[PDB]
Structure formats: structure tokens, C-alpha cells
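Structure file model-v8.cif; described as mmCIF, C-alpha atoms.
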```cif
data_model
#
loop_
_atom_site.label_atom_id
_atom_site.label_comp_id
_atom_site.auth_asym_id
_atom_site.auth_seq_id
_atom_site.Cartn_x
_atom_site.Cartn_y
_atom_site.Cartn_z
CA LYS A 323 152.80 38.02 88.77
CA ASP A 324 153.14 41.14 86.66
CA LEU A 325 151.54 44.55 87.01
CA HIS A 326 148.49 43.40 85.03
CA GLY A 327 147.55 40.35 87.11
CA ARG A 328 148.42 36.76 87.90
CA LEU A 329 150.97 35.42 85.43
CA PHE A 330 149.80 31.97 84.39
CA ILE A 331 152.05 31.29 81.37
CA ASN A 332 155.53 32.58 80.59
CA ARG A 333 157.15 30.01 78.35
CA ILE A 334 159.25 29.61 75.20
CA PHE A 335 157.56 27.42 72.58
CA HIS A 336 159.19 26.12 69.40
CA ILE A 337 156.28 27.52 67.39
CA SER A 338 156.62 30.70 65.34
CA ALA A 339 154.93 33.86 66.59
CA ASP A 340 152.56 33.88 63.59
CA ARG A 341 151.66 30.22 64.05
CA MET A 342 151.01 30.79 67.77
CA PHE A 343 148.58 33.59 66.92
CA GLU A 344 146.83 31.29 64.45
CA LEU A 345 146.61 28.47 67.00
CA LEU A 346 145.02 30.59 69.72
CA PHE A 347 143.10 33.35 67.91
CA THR A 348 141.54 31.73 64.84
CA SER A 349 139.21 28.74 64.42
CA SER A 350 142.15 26.34 64.37
CA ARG A 351 142.21 22.57 64.72
CA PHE A 352 144.08 23.12 67.99
CA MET A 353 141.35 25.36 69.35
CA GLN A 354 138.53 23.08 68.22
CA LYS A 355 140.17 20.22 70.11
CA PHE A 356 141.08 22.35 73.13
CA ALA A 357 137.63 23.91 73.53
CA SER A 358 135.92 20.52 73.23
CA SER A 359 138.29 19.04 75.83
CA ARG A 360 137.35 21.85 78.26
CA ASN A 361 133.61 21.22 77.64
CA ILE A 362 133.25 24.58 75.90
CA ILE A 363 130.53 24.21 73.24
CA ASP A 364 128.70 26.32 70.63
CA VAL A 365 131.71 28.53 69.94
CA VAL A 366 130.82 31.45 67.66
CA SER A 367 133.32 34.15 66.67
CA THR A 368 132.92 37.32 64.63
CA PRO A 369 135.71 38.08 62.16
CA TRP A 370 138.67 40.10 63.34
CA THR A 371 137.62 43.59 62.26
CA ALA A 372 139.65 46.79 62.19
CA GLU A 373 138.39 49.87 63.98
CA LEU A 374 139.36 53.48 63.30
CA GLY A 375 142.61 53.70 65.27
CA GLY A 376 144.04 50.41 63.97
CA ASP A 377 143.10 47.96 66.70
CA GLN A 378 141.29 44.83 65.53
CA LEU A 379 138.29 43.50 67.45
CA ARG A 380 136.22 40.37 67.62
CA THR A 381 133.56 38.93 69.88
CA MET A 382 133.18 35.28 70.83
CA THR A 383 130.28 33.56 72.53
CA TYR A 384 130.20 30.02 73.87
CA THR A 385 128.62 27.81 76.51
CA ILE A 386 130.70 26.30 79.31
CA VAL A 387 129.32 22.94 80.45
CA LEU A 388 129.97 22.89 84.20
CA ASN A 389 127.86 20.01 85.61
CA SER A 390 128.73 21.50 88.99
CA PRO A 391 126.57 21.67 92.12
CA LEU A 392 128.29 24.96 92.98
CA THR A 393 127.99 26.84 89.67
CA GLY A 394 125.19 25.00 87.83
CA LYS A 395 124.73 22.81 84.78
CA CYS A 396 126.22 25.31 82.33
CA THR A 397 126.75 28.99 81.68
CA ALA A 398 126.76 31.17 78.62
CA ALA A 399 129.80 33.42 78.26
CA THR A 400 130.91 36.35 76.09
CA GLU A 401 134.55 37.10 75.27
CA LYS A 402 135.53 40.40 73.64
CA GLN A 403 139.05 40.40 72.21
CA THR A 404 141.23 43.33 71.10
CA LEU A 405 144.33 42.75 68.96
CA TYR A 406 146.41 45.84 69.68
CA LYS A 407 147.55 48.09 66.81
CA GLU A 408 151.10 47.91 68.25
CA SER A 409 151.22 44.26 67.13
CA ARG A 410 153.56 43.44 64.24
CA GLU A 411 153.32 40.45 61.91
CA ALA A 412 155.92 37.75 62.72
CA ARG A 413 157.22 39.78 65.69
CA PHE A 414 154.69 40.71 68.37
CA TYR A 415 151.02 40.06 69.10
CA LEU A 416 149.10 41.54 72.03
CA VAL A 417 145.51 40.42 72.58
CA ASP A 418 143.43 41.61 75.52
CA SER A 419 140.26 39.68 76.30
CA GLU A 420 137.36 40.54 78.59
CA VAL A 421 135.25 37.54 79.62
CA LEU A 422 131.76 37.76 81.14
CA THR A 423 129.78 34.77 82.38
CA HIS A 424 126.00 34.95 82.29
CA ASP A 425 124.54 32.27 84.53
CA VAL A 426 126.80 31.35 87.48
CA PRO A 427 126.13 32.68 91.00
CA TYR A 428 127.43 36.25 91.30
CA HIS A 429 127.88 36.46 87.50
CA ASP A 430 126.97 40.16 87.68
CA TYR A 431 129.68 40.91 90.25
CA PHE A 432 132.88 39.85 88.51
CA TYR A 433 134.57 39.37 85.17
CA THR A 434 138.03 38.45 83.96
CA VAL A 435 140.56 40.25 81.80
CA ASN A 436 143.30 38.22 80.14
CA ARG A 437 146.33 39.59 78.35
CA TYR A 438 148.09 37.35 75.82
CA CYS A 439 151.54 38.40 74.61
CA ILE A 440 153.33 36.54 71.78
CA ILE A 441 156.94 37.65 71.17
CA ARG A 442 159.26 36.33 68.45
CA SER A 443 162.46 34.64 69.62
CA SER A 444 163.65 33.10 66.34
CA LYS A 445 162.14 32.07 63.01
CA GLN A 446 160.22 29.12 64.51
CA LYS A 447 160.19 29.99 68.22
CA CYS A 448 158.35 32.50 70.40
CA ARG A 449 157.54 33.40 73.98
CA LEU A 450 153.91 33.23 75.15
CA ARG A 451 152.99 35.24 78.25
CA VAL A 452 149.46 35.12 79.65
CA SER A 453 148.28 37.14 82.64
CA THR A 454 144.79 37.33 84.10
CA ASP A 455 143.06 39.68 86.49
CA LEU A 456 139.76 39.12 88.25
CA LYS A 457 137.80 42.38 88.23
CA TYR A 458 134.63 43.50 89.97
CA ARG A 459 131.61 45.48 88.85
CA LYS A 460 130.18 45.05 92.37
CA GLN A 461 132.59 44.50 95.24
CA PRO A 462 131.66 41.40 97.24
CA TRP A 463 132.89 41.25 100.82
CA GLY A 464 134.46 38.76 103.14
CA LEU A 465 133.44 35.15 102.73
CA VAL A 466 131.51 35.78 99.49
CA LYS A 467 134.55 37.42 97.91
CA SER A 468 136.86 34.66 99.14
CA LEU A 469 134.58 32.06 97.54
CA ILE A 470 134.49 33.87 94.19
CA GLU A 471 138.27 34.31 94.27
CA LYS A 472 139.21 30.78 95.31
CA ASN A 473 136.95 29.11 92.75
CA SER A 474 137.87 31.49 89.91
CA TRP A 475 141.63 31.30 90.46
CA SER A 476 141.52 27.50 90.78
CA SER A 477 139.51 27.15 87.55
CA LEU A 478 141.83 29.53 85.69
CA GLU A 479 144.95 27.74 86.94
CA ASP A 480 143.59 24.42 85.69
CA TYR A 481 142.59 25.90 82.32
CA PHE A 482 145.97 27.49 81.65
CA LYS A 483 147.86 24.44 82.91
CA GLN A 484 146.05 22.43 80.25
CA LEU A 485 146.51 25.10 77.56
CA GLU A 486 150.26 25.05 78.22
CA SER A 487 150.40 21.24 78.22
CA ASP A 488 148.39 21.01 75.00
CA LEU A 489 150.62 23.61 73.33
CA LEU A 490 153.65 21.48 74.23
CA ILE A 491 151.91 18.56 72.52
CA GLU A 492 151.22 20.70 69.45
CA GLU A 493 154.86 21.83 69.55
CA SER A 494 155.92 18.18 69.23
CA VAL A 495 153.76 17.74 66.12
CA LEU A 496 155.05 20.89 64.44
CA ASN A 497 158.71 19.99 64.97
CA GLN A 498 158.52 16.33 63.90
CA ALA A 499 159.29 17.51 60.35
#
```

Step by step, read the file and then write its structure as C-alpha cells.
Amino acid sequence: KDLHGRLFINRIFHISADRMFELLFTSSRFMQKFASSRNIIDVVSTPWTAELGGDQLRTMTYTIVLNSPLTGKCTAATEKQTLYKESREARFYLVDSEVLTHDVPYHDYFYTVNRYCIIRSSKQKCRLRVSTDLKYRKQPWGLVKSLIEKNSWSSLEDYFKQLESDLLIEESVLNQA
């Protein structure tokens, strides 16, 4: 853990900081393959756009195919991302994302905030840190809250485990030559 939330990824990758940003935060081959493998469909992203103070913003929408008897056939989702003005090309990227689901039970109660930190180590190597917090617009109580928490944290752990694994596979491709 860190002060922001549960720390899911904290790993050195032999991928440059700039390439890591491109992999995760543009419409990359890696992301097309990763989203499809997670049954995330109809991905639409606005362009990264500067706002007055120097942060850059974009919005993504997509549909998560769940096929679950607990959460339903699918859910729409919205992800708003902020690339912080403190970021520096080839050195440091900080992206905060706020993710809302539209259709699952209790969708109006909770949302997630993820913080992605990419820090240069060397010319072709960086550290990726990802932390997530589960936030509430309406506080559930007791057994309802425990159900939301257990299912959300389990789903997030599986997602980031696969993201990490797939980045290690991409790392192998990038370092072959």
C-alpha cells in the first residue's frame, strides 16, 4: 500500500519511460490486444487535450463484457484521465484516472481512482507504480459494503496481475533486438 490506495504494481520494466506511456495511454497495439483479452469492447478515447493550467485530459468510454450472474451481461464504463503538468518527457509521467461503471448493481455507490506513475531509471528502463482506491458516493454498510469491496478488489487484482504479465511479455519483444 501507499497513501493513495492499494499498490498493485511496483516494478522495473526494461521499457523506456516514453515507450511505457505510449503503451498504456495511447491507442497502441499493446492496448488493443490487452483490452480485447479482458473482454473490454467499443473503446473510444478523446485526444489528450491541454487545459489552462497545463494538465492534459482525455475521456475514454468502453463496454466491459461480464457474462456474470452477479454483475450482469455487460456494463458501460467511463474513464476520465488526467496527465499531470508535473510530468516531464522521458523522465516522469503521472496519470490519474477516475472510472465509473454504469450498469452493475450499486454502480451509483462506488467508483475507482487509479494513479499510474512512470519514472525513468535508465535510457531503456523505467519503474511503473500503480495504486488504486475504491471510493464511495454513497456509503454502503455491512454486508453490502463487504460484497462491493471483495468483488471489486478481486477483479482489480486479476486485471493488474494480467497487465503486469502482459507488460513482461511486451518487454521481451522490445529487448529481442

Distance criterion (all atoms listed in the file): nearest to residue 496 (chain A) out of A:482, A:458, A:414, A:352:
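Among the listed residues, A:352 lies closest to residue 496 (chain A).
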
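Checking A:426, A:466, A:387, A:435 one by one against residue 401 (chain A), counting all atoms listed in the file, you find the shortest gap at A:435.
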
Could you check the closest approach to residue 447 (chain A) for each of A:483, A:336, A:323, A:459 and tell me which residue wins, using all atoms listed in the file?
A:336

Explicit residue set for the PyMOL selection byres ((chain A and resi 327) around 12), as a ChimeraX atom specification
/A:323-326,328-331,434-438,451-457,475

Contact residues around region 402-404 of chain A with only C-alpha atoms at 10 Å, ignoring same-chain residues under 2 positions, as a ChimeraX atom specification:
/A:347,367-368,370-372,377-383,400,406-407,416-422,435-437

Check which residues satisfy the PyMOL selection byres ((chain A and resi 441) around 9) in the file shown, then give them as a count of residues only.
15

Applied to this file, what does the PyMOL selection byres ((chain A and resi 493) around 10) return in terms of residues, put as a count of residues only?
17

Between CA of residue 425 (chain A) and CA of residue 369 (chain A), what distance in Å does the model show, to one decimal?
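Computing it gives 25.7 Å between the two atoms.
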
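When all atoms listed in the file are used to measure the gap to residue 446 (chain A), the shortest distance among A:340, A:480, A:373, A:471 belongs to A:340.
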
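Residue nearest residue 334 (chain A) within the list A:479, A:444, A:397, A:469: A:444 [criterion: smallest interatomic distance, all atoms listed in the file].
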